[PDB]
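Observations on chain architecture
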Amino acid sequence: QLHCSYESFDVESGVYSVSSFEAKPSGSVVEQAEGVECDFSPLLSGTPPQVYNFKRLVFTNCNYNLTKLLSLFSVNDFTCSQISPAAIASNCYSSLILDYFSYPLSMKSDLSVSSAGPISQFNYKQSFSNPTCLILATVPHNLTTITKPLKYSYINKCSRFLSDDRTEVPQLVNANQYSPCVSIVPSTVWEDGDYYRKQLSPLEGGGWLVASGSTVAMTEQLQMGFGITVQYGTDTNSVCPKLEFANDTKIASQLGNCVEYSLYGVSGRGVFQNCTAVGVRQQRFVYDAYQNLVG
Amino acid sequence: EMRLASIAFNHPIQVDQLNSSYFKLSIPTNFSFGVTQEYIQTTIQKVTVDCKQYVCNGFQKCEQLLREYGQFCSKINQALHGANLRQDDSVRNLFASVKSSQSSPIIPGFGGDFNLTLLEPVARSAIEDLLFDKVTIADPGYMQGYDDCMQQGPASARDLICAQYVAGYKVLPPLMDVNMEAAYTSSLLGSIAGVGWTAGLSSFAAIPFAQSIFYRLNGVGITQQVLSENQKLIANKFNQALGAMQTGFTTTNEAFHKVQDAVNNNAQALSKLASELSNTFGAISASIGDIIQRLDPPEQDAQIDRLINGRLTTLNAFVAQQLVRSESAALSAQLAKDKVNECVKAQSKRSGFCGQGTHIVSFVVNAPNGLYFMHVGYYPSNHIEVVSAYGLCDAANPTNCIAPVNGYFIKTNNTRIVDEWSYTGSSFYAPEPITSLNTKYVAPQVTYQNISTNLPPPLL
Amino acid sequence: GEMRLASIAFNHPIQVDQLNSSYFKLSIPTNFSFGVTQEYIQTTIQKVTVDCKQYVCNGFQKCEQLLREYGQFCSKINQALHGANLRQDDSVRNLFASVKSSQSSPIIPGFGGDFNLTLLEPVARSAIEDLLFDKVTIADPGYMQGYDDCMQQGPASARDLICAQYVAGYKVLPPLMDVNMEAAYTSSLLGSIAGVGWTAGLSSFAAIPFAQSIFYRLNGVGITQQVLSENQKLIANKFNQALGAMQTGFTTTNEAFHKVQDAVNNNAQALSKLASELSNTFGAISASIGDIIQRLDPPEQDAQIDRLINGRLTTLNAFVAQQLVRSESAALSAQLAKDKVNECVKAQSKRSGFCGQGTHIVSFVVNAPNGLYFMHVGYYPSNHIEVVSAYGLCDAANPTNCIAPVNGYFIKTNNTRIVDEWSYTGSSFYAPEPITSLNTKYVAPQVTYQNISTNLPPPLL
Amino acid sequence: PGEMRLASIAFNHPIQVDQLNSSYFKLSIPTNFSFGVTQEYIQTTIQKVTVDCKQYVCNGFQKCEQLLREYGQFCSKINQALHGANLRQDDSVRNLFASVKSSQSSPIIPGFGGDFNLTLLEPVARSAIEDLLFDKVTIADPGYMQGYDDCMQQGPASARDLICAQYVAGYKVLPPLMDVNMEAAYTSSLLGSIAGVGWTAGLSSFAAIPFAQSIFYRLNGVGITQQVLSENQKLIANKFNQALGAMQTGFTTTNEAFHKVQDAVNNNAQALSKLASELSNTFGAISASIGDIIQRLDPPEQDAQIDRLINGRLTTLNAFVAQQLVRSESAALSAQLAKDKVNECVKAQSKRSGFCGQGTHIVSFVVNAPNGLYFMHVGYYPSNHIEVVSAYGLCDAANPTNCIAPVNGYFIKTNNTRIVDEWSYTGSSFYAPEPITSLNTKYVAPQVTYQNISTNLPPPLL
Amino acid sequence: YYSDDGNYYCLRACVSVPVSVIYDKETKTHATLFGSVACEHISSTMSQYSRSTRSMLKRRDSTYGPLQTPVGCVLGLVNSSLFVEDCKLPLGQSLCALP
């Protein structure tokens, strides 16, 4: 390496530095769980919502096997952003969040995290502060507890008319939130091009709320869409894949080499020692000013 | 409330110029010893950088990505090695002037009545240890090393030296060896007594310290007669100035402040490097392993590439900063060498250099990353004005003209001298009879006084 | 006409042929003139600070939120600039500590007798300092009236970067030194004159006429006292002619003067570089933040703002680094000035090198913007002649009676007033005189000393 | 070879000499000496270069010419900065040489210095020593004349000079301000400025005395007595020549001053070579060549790739200017140091220590070197030190007001069989007793440590 | 390159000629230097070319040949063979350039 560093077959005499030893770390241990098997059973029945009626599940403190969940539907589109599609199943988080709604494959052009479509203008937006994913799927004929809407439908307008009846200002949907027009729009759109208006009070700042929507024909088997996002916390990272710990060795002490670890889904590598306590209790993790875990 | 105030301007004592053959002369009637101090940094701490570990920690995707940039690291390592070599050169060059061909042995009770707290506790010195205790620097490297990182030590360690083994930093040991350094400073004390008795560049006088002091005092125009009368007084005033050094290690002492800032600058450079390990460049995480675990490899290395590039950029900035500091230290080291070969090895007539009180012997001790100088100096006080003449002549014979050597001719104000004129030393008010030892023959001049009666030099 | 190719001239030294044996050719000037040289030593960098919020953006809320992510860069910038300014003020205090004297002469009109002394204050600064300030092209001064000279209550023709200071968020810190106190310090140095002689001068103050201190210095370079007494008015005349040349000294061919002007230019350039960057896009749609806000939907708006902010921060970082380098070079330059005050000014020097090249005789210093301006009086030899000279002389009747000249030479006499075959001369000027005990000392005998068989007064026997 | 050996660093202890009680003391004095030489290299300049700011960036391809207009003001800043740096380098040379020249000098002849060898004399020219230096230097051949026609196809295929690569990069290497022959004449004048050295500061007078005579004057200037010098005159010249002759073996890599010259040469070479490598440095652009990206790209795409290539090229030029400014200033400071050494280490003997060679001071010499000046300092090295008894002074016991003390030497108890007197005088620089006489002493005020002499002193006789 | 005629040929790419000018602001006149290229490649007009015209030189240099110097070939410099200490426009070496 010294010769390569100087590009020569005869290095001048001296004392010179070379790269450091890697220090041979021990095989990994974990502090993940206790918890209870995830409860994704709400997904097994009923009609999924129109895109502005979203149903959401949020999980904490629990253990899961998403591939068993995935086996229940046929997925015709799986993509993700800021995470590999495999790693979202393997990673422990402070929460697991799933949004679900009905969605025809005939409208599939309007759903991406980057879409400019009316689905994203007024019915759904996803934050990029979290690494969520997406799924388009259909229901197998043996899922009889699943039911379907008369038509698939969405809001294609949501704006407020100025009190002088000329100027109008759009109300785009907030990331991870329902648009304000949901208070006047019907649970499904009865006919394509239906629209509604609400006069607004001086307490509301005046003007008229205006909203409208569109519909798509029903299909023999229900089509569905999902939005999935995750949240990384610090001492709240209780959602993980079911443990593989059975048939292994006692954990976590080795003391020992600077062994790789995951504690409640927080990856890292290092050696532990039985030192004294510092405050404060129940925050779990302790850190320095440089964002390095201390203990 | 804070008070607005004018900045004071001290006015010099005014002395009126006078017309004709005589003039007003200002002379001090008291004095005090005093000291000043300086810190001359001579080195930058020497460090090296593992250029693989700073960027990434053996992940295999980054190892392959890093290869496209491998020549930058080679430039980085080479630049750092050259900077460290220059630091070693300055140390050896300094020590070459520090050493002497010969020296006195040193024992307790050296310097007689002078207190000499600087003597080693045979050792370094109590003064050097006070400096080391006042400095707030983190606990030293090398031994025990690795066990101040590792769990076989206190949980309360906060040393950046443990972080040295995370970041891949290496602190090189100083070349000088603190025990050899102490030997070198004692060798300088052994050259004392002394610098006088001609150039001193061959011979070694080997005389008592007090004798060399009296010689230096006579070298600034204090008469020998005064020196013999006040010998105990001189030692007492000298020791008072020396005793003040125990209060000298304070934050208002600017030389002390500079020592602490030299330590702060070395620590600061490393702390900047440590903080950059956590600095994302828009990357999803500062950890390479974390972004690998979360991403498919075609996407994964877009994140890795951004992270690598910013990390390389901070290394480049760091190297440039070190090169600049190394050069300034080399220049500062040359200044220290000059002072050892001027302010310490000899009494000087230049003013300027050394503490501002004429010059009398100065001393130097070890300080972290440098030398700390202390300068004894002479401060005049209680100035009075006297009548003085440019010279004297024989009124009966105009070619008999004299003028004082290393002193002045003043009208006498003393009851023991019958002669109307008296010789004085130039450093202190001390009138005495005019004799051939204190005067020399000179060419005649119109301003010399014409003496018509009693002048002993020449008698006729 | 067409430009002309020419050789660079090489002035040859006057050749003096070496001679063998016990005697030698000696070159001595027969004329001289006073003359001057000047130097400018910069001691400081103008002190400035930067509002790090206003340089980047100007109260728009969106950029303030964006800036918070980078707020620690500004903290680093402000601290670095603050430390740079502290160093500049340290150097001022350290310099002034050597400038001050424990005692000085009062200074009145007509000081220096026959010497003209245009440097005296108009009791004040000095006429010479004011000529320097008038020749300098520097922009009108800050502080008062300041901010209201930016404002519409003034002429439309103002073009000061100082008004632009209140747009850019720049702050120019005032100098520590206070120009009135500074003028007092230069007069204190003039009060230490007359003088440096009569031993080290580090305790006592001689308090003698200026002319007397000049004669002392002239005797200090080997000019005989007898010559000095005969030429006193001539010396004053030549000296005043050299001083009078200072009125033509403020020209562009004077390099010290040129350096003063460029120190001023360098400070102005640092600020103008900064002003131009306010309009520099980094590929942003506009240099104005408010304009891109007005024209853009907010999800796209801060892409443009981000590009703009990062380029603005980068120029501030480069700017600080430039100032740190300049501050360090000024500190070193200030140390040099201090050395000259404690050497070239406070004493006559025998070193050559330092001061103007004409041996050394008294030098002066005056205030200059951002520094000190030195002037050096010097002695220039002319009309050299060659003469016969000997290493020493000794009585031929007694080989131990040997003498050699002190600060001068023994030359064969060419003068009709001296009956003696040999004569003493000063080393700075041709001035033969009788050899007497005052100008000689006894030395050990040497083979090259001349064997004088007749009349020698030192020793008479 | 076997295994490496760990070893302690040796510490050379100073010779110990005891401090002593009462009126007399041990004195350490050398009994032998030798001449020796030390040397220094002081760089004074940076090579002056300029850069065509269009040619470095592009080869005149038209798409670049259109795009470059957006950045034309950067180039002006680059050119101005380099021009000012080069101006400063020329001014420093002129400033230095103004103090180098002497108003008068001895003619230089063969056989100068008598018995001294003087290999520094010109081959009437430069000097043999300067030629040894220039041959040891590894620097590439100069341009100008014939210049370019050594770059052109009518020449060897083996040239690899950065100097002919100058015509590819848009580089210009400016010529040095002075012709080498004038520079040699400036140092010839310095050789002829020796003697006078003594007889006051020498500032205007020219003593014109033989070089050997000036050496003896200098030896009395360091306290060597005249009697010794007259006895050893041939010996002194021989020891001096042995030290001088060693300069022919001094040009090795173990000579650190020589090593600094070698580094100065490669600091200039390194700066130029960096930029040659940057011509091939793509910035992620499709190719580092403009013509390649033109030939492989549709013009809407092509321009984007050109701009990316331009941005990195300008960035390296900016970095280069910053590098040059730093180097130029350090050279100016180094040149100032050289100027002071010419006016102290060379023009006159000095008592300072520190500066010049580490052996007191005796004459030093300076020669031309690439980018700088090279100094040699002759010095005096003491040897074989002995301890002797010495006294602070002597006085008449019968007349206590008669007190004397030695001048440029010390009173010692005599150890010599030719001196009947119990006390003797020796010079500060060397051990060699002599009778105490009025020439070697001065009257002083009485002091209690002076010896009370009850017998015989000739100064005063009574 | 090895040609398919079996002969090695070598390639030096191509070269450019550096140029500099002498500007006398006091008289508002100028002259130029082509450096190391030498006057064997210099002609009254240029076929290469560095700028759209050379005519500013031609205002006086229509009447003069190129002049070789130790630094290089020049236009309009004139051989006056004068000796001057400082021309305020030195060309380096022993060359100088009087106004």
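Right, let's talk about the interface of chain E and chain D for a bit. Facing the 23 residues of chain E at the interface are 22 residues of chain D. Summing both partners gives a buried area of about 1900 Å² for chain E against chain D, and 56% of it is carried by carbon and sulfur. It is E:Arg12, E:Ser36 and E:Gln93 that lose the most area in chain E upon contact with chain D, and together they represent 34% of the buried surface on that side. Here chain E and chain D share zero salt bridges between them. In this structure, the connection of chain E to chain D is made through eight residue pairs in polar contact. Its residues placed into classes, the side of chain E that touches chain D shows 11 nonpolar, nine polar and three charged.

The relation between two aromatic rings is expressed through the spacing of the ring centres and the mutual angle of the planes. One pass over the full model with this rule turns up 53 aromatic pairs over all chains. Measuring from centroid to centroid gives 5.4 Å for D:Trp199 and D:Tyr217, while their planes differ by 45°, and the two rings are tilted. One end of the pair, D:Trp199, is in the loop between α5 (180–191) and α6 (211–220); the other, D:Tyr217, is in helix α6, with 18 residues separating them in the sequence. Using a relative accessible area of 34% as the deciding quantity, one classes D:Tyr217 as partly exposed. Grouping aromatic residues by their ring pairs yields a cluster made of D:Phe33, D:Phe35, D:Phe112, D:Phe116, D:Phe211, D:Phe240, D:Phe365, D:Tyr380 and D:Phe430. The ring of C:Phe32 carries the charged tip of C:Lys238 above its face, separated from the ring centre by 3.8 Å. The aromatic ring of D:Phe33 is capped on one face by D:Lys239, whose charged end is 3.8 Å from the ring centroid.

Okay, the pairing of strand β12 (residues 223–231) of chain A next. Residues and elements named next belong to chain A. Across the nine residues of β12, eight count as buried, placing the element largely inside the fold. The pairing of strand β6 (residues 95–102) with β12 spans eight bridges and is classified as antiparallel. Across the sheet, the residue bridging to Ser102 is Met224, located in β12. Of the strand pairs in this sheet, strand β7 (residues 133–138) and β12 are connected by six bridges, and their pairing is antiparallel. If you follow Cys133 over to β12, its bridge partner there is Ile228.

Another aspect to go through is the sheet that holds strand β14 (residues 441–443) of chain D. Residue and element names in this part refer to chain D. Overall, mixed pairing links the four strands, which are arranged β14-β11-β10-β15 in an open sheet. Looking along the sheet, the strands with just one partner apiece sit at the ends: β14 and β15 (451–453). Geometrically, the sheet is characterised by an average inter-axis angle of 30° between neighbouring strands, direction not taken into account. Relative to β14, strand β11 (residues 403–406) runs antiparallel, the two being bridged by three bridges. Note on β14: the bridge partner recorded for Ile404 is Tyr443.

This paragraph deals with the packing of helix α9 (residues 255–276) of chain C against helix α11 (residues 298–345) of chain C. Residue and element names in this part refer to chain C. One way to put it is that α9 packs onto α11 with a least axis distance of 12 Å and a crossing angle of 170°. Overall, the two elements α9 and α11 adopt an arrangement that is roughly antiparallel. On the side of α9, the interface is formed by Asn266, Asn267, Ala270 and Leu274, while α11 contributes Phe319, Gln323 and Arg326. Classifying every residue of the contact of α9 with α11 gives three nonpolar, three polar and one charged.

Here we take up the pattern of salt bridges. Going through the model one piece at a time under the given rule, you end up with 39 salt bridges over all chains. For A:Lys157, the salt bridge is made with A:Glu168, and the minimal N-O distance between the two is 2.9 Å. In this pair, A:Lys157 sits in strand β8 (residues 151–161) while A:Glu168 sits in strand β9 (residues 168–170), placing the two residues 11 residues apart along the sequence. With a shortest N-O distance of 3.9 Å, B:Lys411 and B:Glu420 are connected by a salt bridge. Taken together, the salt bridges that share partners define one network made up of B:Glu342, B:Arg350, C:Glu343, C:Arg351, D:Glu344 and D:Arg352.

We now examine the arrangement of the chains. For the non-touching pair chain A and chain E, the nearest C-alpha separation works out to 26 Å. If you take every C-alpha in chain B and every C-alpha in chain E, the smallest gap between them is 27 Å, and the two do not touch.

This model, assessed by the stated rule, comprises 19 disulfides over all chains. Counting only the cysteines that take part in disulfides, in the order they occur along chain D, gives the pairing 1-4, 2-3, 5-6, 7-8, 9-10. Here chain C pairs its bonded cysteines, counted in sequence order, in the arrangement 1-4, 2-3, 5-6, 7-8, 9-10. A:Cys258 carries a free sulfur, and the closest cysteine sulfur to it, the one in B:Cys149, is 9.8 Å from it. Judged by its relative accessible area of 26%, A:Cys258 is partly exposed.

Definitions and cut-offs
Residues numbered from 1 in each chain as written, not as in the entry; some residues may be left out. Chains lettered and ligands numbered in written order. Part of a larger assembly, values for the part shown. Heavy atoms only, no water. Contact = heavy atoms within 4.5 Å. Buried area = accessible area lost by both parts, 1.4 Å probe. Salt bridge = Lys/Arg side-chain N within 4 Å of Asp/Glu carboxyl O. Polar contact = N/O pair within 3.5 Å; in protein donor to acceptor, adjacent residues only side chain to side chain. Nonpolar A, V, L, I, M, F, W, Y, C, P; charged D, E, K, R; others polar. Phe/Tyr/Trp six-rings, centres within 6.5 Å; stacked < 30°, edge-to-face > 60°. Helix = DSSP H or I, 4+ residues; strand = E, 2+ residues; numbered from the N terminus. Buried < 20%, exposed > 50% of the residue type's maximum accessible area, 1.4 Å probe, protein only. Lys NZ or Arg CZ within 6 Å of the ring centre and 35° of its normal. Pairing = 2+ DSSP bridges. Axes fitted to C-alpha atoms, helices over the stretch in contact; angles between N-to-C directions. Parallel < 35°, antiparallel > 145°, perpendicular 65-115°, else oblique. Disulfide = S-S within 2.5 Å.

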